[PDB]
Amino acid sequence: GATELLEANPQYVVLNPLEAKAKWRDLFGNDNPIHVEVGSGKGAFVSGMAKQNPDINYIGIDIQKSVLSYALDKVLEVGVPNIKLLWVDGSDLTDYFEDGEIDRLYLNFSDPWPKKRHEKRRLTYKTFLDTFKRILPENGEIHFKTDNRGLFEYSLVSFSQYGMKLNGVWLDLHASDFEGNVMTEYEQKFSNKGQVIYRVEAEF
């Protein structure tokens, strides 16, 4: 009963856009910046980020209620106020956020959709970029990390062709002096493998 667990926990989980869009600051109860992760899996990333950064409000977003319920288990345990989980029903994120309502966007290990005919499904494809540009402020940024070389190669070109500026590029994240990295479950699971992790900060 994924849907059941989510519904019993409205202090953390948002289920319908009507009670979200333009209302996120009211929902958190302060004007702290709102940073969103799209495709938040089982919540290790948003949880670890909320802990590192008490004065930032995080929203973990997933299309699947099942996996969001696992994120909830993690979020309930931590018990900190600067997180919320959002179930999205398939619509554009503009149904859930007003233009400029969020401050930064995170994409972690997003589905690569390697087949050419599935380009449109990649979260770094231009129609998703249109949506992200709207919901972020002017000069708003996407911070994107993945171990998928093909996806990262594609996304650098997609970002650039769209007209975004690349502010930083990491081609071996774990080997760099980058600090504050919070690993996803996937990232943990495979840390022992030691394959390079790619990262970029891109700006609209």
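Note that residue numbering begins at 1 and tracks the sequence as displayed.
Please compare 60 to 68 with 156 to 164 and name the stretch with the higher mean C-alpha B-factor in the deposited structure.
The entry gives the higher C-alpha B-factor average to 60 to 68.
Using the B-factors recorded in the PDB entry, average over the C-alpha atoms of 173 to 181 and of 29 to 37, then report which stretch comes out higher.
Comparing averages over the C-alpha atoms only gives 173 to 181.
If you check the C-alpha B-factor for each of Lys133, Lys84, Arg122, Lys116 in the entry, which is highest?
Comparing C-alpha B-factors across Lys133, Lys84, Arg122, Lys116, the maximum falls on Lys116.
Using the B-factor values recorded in the entry, state whether the Cα atom of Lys74 falls in the lowest, middle or highest third among the modelled residues of its chain.
CA B-factor rank for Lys74: highest third.
Consider only the C-alpha atoms of the modelled residues in this chain, order them by B-factor as the entry records it, and name the third containing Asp95: lowest, middle or highest.
It belongs to the middle third of the chain when residues are ordered by C-alpha B-factor.
Test of reading the entry: by CA B factor among the chain's modelled residues, which third contains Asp103?
Within its chain, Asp103 is a lowest-third residue by C-alpha B-factor, going by the deposited values.
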